[PDB]
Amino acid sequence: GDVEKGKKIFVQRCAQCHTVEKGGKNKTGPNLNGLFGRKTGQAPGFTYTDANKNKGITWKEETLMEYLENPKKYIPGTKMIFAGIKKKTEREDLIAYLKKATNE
């Protein structure tokens, strides 16, 4: 995916609720540092819904590709108010941004 493109998507569609850097604030949504390869509901210091907390999936290209298309359908009862990115390429660009930015 296009990292530079993904970042703009993130800046505009996610950044109001999420931080990416290590030690970043938990805001409306959880900090996303360390997201890849860890299970759902693991950001330290964030109060998740039960539905997010116990989803029991591991975050990575495949699982975010599905979730970000329609968050609530993948995790019914989530409190993330975000309708979903319908375009495949856009998700791909966002995911490559995330893989970089949540792991430095």
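We number the residues from 1 along the sequence you see.
- [ ] Higher average CA B factor in the deposited record is what I'm after, so tell me if that's 25 to 33 or 58 to 66.
- [x] On average, C-alpha B-factors are higher across 58 to 66.
TODO: Would you mind comparing 86 to 94 and 9 to 17 for me and telling me which has the higher average C-alpha temperature factor in the entry?
DONE: Looking at the recorded C-alpha B-factors, 86 to 94 comes out higher on average.
- [ ] Rank-wise, by C-alpha B-factor, drop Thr49 into the lowest, middle or highest third of its chain.
- [x] CA B-factor rank for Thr49: middle third.
TODO: Looking at the entry's B-factor column for C-alpha atoms only, identify whether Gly77 ranks in the lowest, middle or highest third of its chain.
DONE: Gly77: CA B-factor falls in the lowest third of its chain.
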